[PDB]
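Worksheet for the structure shown next.
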Amino acid sequence: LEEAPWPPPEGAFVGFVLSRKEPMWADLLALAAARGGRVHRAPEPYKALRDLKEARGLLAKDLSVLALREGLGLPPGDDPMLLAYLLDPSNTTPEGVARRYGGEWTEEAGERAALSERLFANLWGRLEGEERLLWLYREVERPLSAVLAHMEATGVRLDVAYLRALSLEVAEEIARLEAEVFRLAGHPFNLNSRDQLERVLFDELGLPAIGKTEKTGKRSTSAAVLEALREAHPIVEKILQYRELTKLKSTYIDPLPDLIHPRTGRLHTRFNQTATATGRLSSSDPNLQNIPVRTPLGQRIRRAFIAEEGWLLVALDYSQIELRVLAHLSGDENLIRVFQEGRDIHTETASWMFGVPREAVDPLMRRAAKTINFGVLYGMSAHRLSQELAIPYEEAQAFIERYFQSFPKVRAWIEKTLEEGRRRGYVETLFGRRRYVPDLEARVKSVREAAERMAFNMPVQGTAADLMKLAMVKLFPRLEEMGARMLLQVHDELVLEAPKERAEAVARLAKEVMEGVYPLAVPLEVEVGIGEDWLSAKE
DNA sequence: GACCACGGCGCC
DNA sequence: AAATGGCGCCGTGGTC
Ligand SMILES: Nc1ncnc2c1ncn2[C@H]1C[C@H](O)[C@@H](COP(=O)(O)OP(=O)(O)OP(=O)(O)O)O1
Ligand SMILES: [Mg+2]
Ligand SMILES: [Mg+2]
């Protein structure tokens, strides 16, 4: 390519090099652009950023986030990663995509721009003819990247002092727990070392081993195993408490306060757009899609996530989303009738499990009930269900008998999906998002059956993802008009920030947009709450 | 210091 | 642990 002076012409493809992968924290080391047989290299990349109308290229969103960090409205445009990802969601990295579609991902901006230009050419050609993938790119993925860029740049406010205070409290309780364990062991050891724990539990103490680990064949010390051993010895219960507290301290309480951005004073995640096999987003650096919610300590952590002064959080969460999708994809009339007649399957299982009427079902019971229902749906063994519910095989068999008898045409949809996947090599969502599942014809039953479970899950999970993404696309411009913000997505939930004065309006509008995103044979239903913190906003 | 595999576990 | 699926992050034990 001819080296042309900087500034590029409109529509040029950008390439850029960051000191590190997180656009909110990175130094923009270099910036280049490519169009029509030329390459343009910025002498000063931060100043050169002002000349662009849009970020068009590989990882366009990341550059746009960094532009917003520096107060510039540079929205993301075409990204060959999004094209590769729609063709095959195993196309998740630029290293991989380049090798596949005609180049090499280097560390140099010029080359990254030229790569971006020619990869877009090649991948656009492959998507021609592929009209439904094309609709997804134009109407969902491409615009969603702009919405995510704004979410990432905005961040969420965290009560830092609270979390630091909470750390000292939890440290003390941890000391109490580890001291009891060592007493019960007759000696100290590193309780964070599962190998050392294995020896204590199974060699030194008498305790029976329940299972083995996958790769290396060690006697497992997992929560599942420890739960089964909970009466065998009093040490076990302390180990479970120790595990709870150290997980949350080490993953949430300690790291989060140190990730406050100095300019914003807020916490900034990355919403990864080409990371999953089903079309979901992921969140990383810090993952804010797995903030605790079950246990009392987890809930205390969730309270740290707060509204800006004089604003409120609005949390919107789809009700029984994948079940409703399943009713639509399958056409099971009994299951459609459940949702038209306004019944709640998670509470019905909860009342069954704990043996109490629906009026008396609490948060924990209902949560527990969700594992059971998605566990069973996506293929849990009788054996395993008998374990978690703590009942016999006969009983756990009989649960999974009725579950699927209730809803005849689910199994029929499962089989049609499996057959189509075997024939074409891929399965798809309601909108034609694909996942290639090659092992449906494997000769090893276990490999074949795992592949089957992945294959029938994807249309369901991915359709919910498609819906939520489309909902985000539609909702974002409406929020800007109202002076509200989209903060977080947690798969089937959204968290928004609204000025106090407008929070009720925002909530009503966001709920309608989410319920009417794309009507189905069953109604989509959204639960909404408003509060000063994340926990209160779904209380 | 970086990275790796693993077992383990937080959320949907 | 186990015939649920989809993620990312932590500490250990270990390499380079
Ligand atoms: N344990 C699980 N196994 C498989 N899929 C799950 C599991 N938990 C959650 N999911 C998937 C299926 C859910 O429909 C989807 C959204 O999560 P979630 O909001 O917690 O449940 P839900 O939408 O079905 O019930 P709720 O009415 O409480 O919102 O994520
Ligand atoms: Mg939900
Ligand atoms: Mg949810």
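Just the heavy atoms: all of them, side chains too, but no hydrogens, waters or symmetry mates, feed the values below. Note on naming: letters A, B, ... go to the chains in the order of the sequence lines (proteins, then strands), and numbering restarts at 1 for each one.
For B:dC9, the ring torsion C1'-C2'-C3'-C4' comes out negative, which puts the sugar in the south group. A negative value of the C1'-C2'-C3'-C4' torsion places the sugar of B:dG8 in the south (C2'-endo) family. Judged by the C1'-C2'-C3'-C4' torsion, the sugar of C:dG13 sits on the south side, since the angle is negative.
Computed from coordinates, the A:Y85 OH to C:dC7 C1' distance equals 11 Å when rounded to whole Å. Atom P of nucleotide C:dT4 and atom OH of A:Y403 are separated by 15 Å, given to the nearest angstrom. Remark: P of C:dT4 and CG of A:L418 are 16 Å apart, rounded to the nearest angstrom.
If you check every strand for non-hydrogen atoms under 4.0 Å, A:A465 touches nothing. Residue A:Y252 is classed as a sugar-phosphate contact, given heavy-atom separations below 4.0 Å to backbone atoms only. Nucleic acid contact for A:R270: none, since no nucleic acid atom lies under 4.0 Å from a heavy atom of the residue. Residue contacts shown for A:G211 are limited to sugar-phosphate atoms, with no base heavy atom under 4.0 Å away. Contact annotation for A:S283: backbone-only contact, meaning every heavy-atom pair under 4.0 Å involves sugar-phosphate atoms and none involves a base.
Evaluation of the side chain to side chain donor-acceptor pair (under 3.5 Å) rule for A:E452 yields no partner, not counting sequence neighbours.
The phosphate of C:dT12 (OP1 or OP2) has a side-chain N or O of A:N192 nearer than 4.0 angstrom. Considering only side-chain N and O atoms, A:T216 lies nowhere under 4.0 angstrom from the phosphate OP1 or OP2 of B:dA5. For the OP1/OP2 pair of C:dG8 and a distance below 4.0 Å, the side-chain nitrogens and oxygens of A:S282 include at least one atom meeting the criterion. For B:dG8, one of the phosphate oxygens OP1 or OP2 lies less than 4.0 angstrom from a side-chain nitrogen or oxygen of A:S220.
With a 6.0 Å radius and a threshold of 12 heavy atoms from other residues, nucleotides or ligands, A:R300 has its CZ atom at or below the threshold.
Contact check of residues 381-401 of chain A against DNA chain B (heavy atom, cut-off under 4.0 Å) returns no residues at all. In the region residues 437-451 of chain A, proximity to DNA chain C at under 4.0 angstrom, judged on heavy atoms, holds for none of the residues.
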At a cut-off of 3.5 Å, list every protein nitrogen or oxygen paired with a nitrogen or oxygen from nucleotides 13-16 of chain C, distance to 0.1 Å.
{"from": "C:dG13", "atom 1": "OP1", "to": "A:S193", "atom 2": "OG", "distance (Å)": "2.4"}
{"from": "C:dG13", "atom 1": "OP1", "to": "A:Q196", "atom 2": "NE2", "distance (Å)": "3.2"}

Pairs under 3.5 angstrom, nitrogen or oxygen only, protein versus nucleotides 1-4 of chain B, please.
none

- Message: A:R243 vs A:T221, test: side chain to side chain contact (heavy atoms under 4.5 Å, CB included). Steps then yes/no.
- Response: CA-CA 11 Å; A:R243 287 265 177 94; A:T221 64; 3.1 Å; yes
- Message: Go through it in stages, so that I can follow the logic: the residues are A:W105 and A:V97, the test is side chain to side chain contact (heavy atoms under 4.5 Å, CB included), and I'd like the CA-CA distance, side-chain angles, deciding distance and then a yes or no.
- Response: CA-CA 9 Å; A:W105 181 250; A:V97 169; over 6 Å; no
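Between the base of C:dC10 and the side chain of A:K247 there is no donor-acceptor pair shorter than 3.5 Å.
Positionally, the nearest nucleotide of DNA chain C for A:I210 lies more toward the 5' end than for the other of A:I210 and A:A275. Each of A:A277 and A:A224 was matched to the nucleotide of DNA chain C holding its nearest heavy atom; the match closer to the 5' end belongs to A:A224.
Using a 4.0 Å cut-off between charged side-chain N and carboxylate O, A:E388 and A:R384 make a salt bridge. Ionic pairing of A:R176 and A:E180 is not present here: no N-O contact between side-chain nitrogen and carboxylate oxygen is shorter than 4.0 angstrom.
Contact annotation: the side chain of A:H491 approaches that of A:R280 to within less than 4.5 Å [non-hydrogen atoms, C-beta and beyond].
Checking C:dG6, C:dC9, B:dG10 against the side-chain heavy atoms of A:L248 singles out B:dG10 as nearest. Minimum atom distance to the side chain of A:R280 is reached by C:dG6, of the listed C:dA1, C:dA3, C:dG6.
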Side-chain donor-acceptor distances from residues 390-405 of chain A under 3.5 Å, at least two apart:
{"from": "A:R402", "atom 1": "NH2", "to": "A:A398", "atom 2": "O", "distance (Å)": "3.0"}
{"from": "A:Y403", "atom 1": "OH", "to": "A:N373", "atom 2": "O", "distance (Å)": "2.7"}
{"from": "A:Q405", "atom 1": "NE2", "to": "A:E401", "atom 2": "O", "distance (Å)": "3.4"}

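Aromatic ring orientation, A:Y518 versus A:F431: perpendicular (interplanar angle above 60°, classes split at 30° and 60°).
Here A:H150 and A:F271 keep their ring centres 6.0 angstrom or further from each other.
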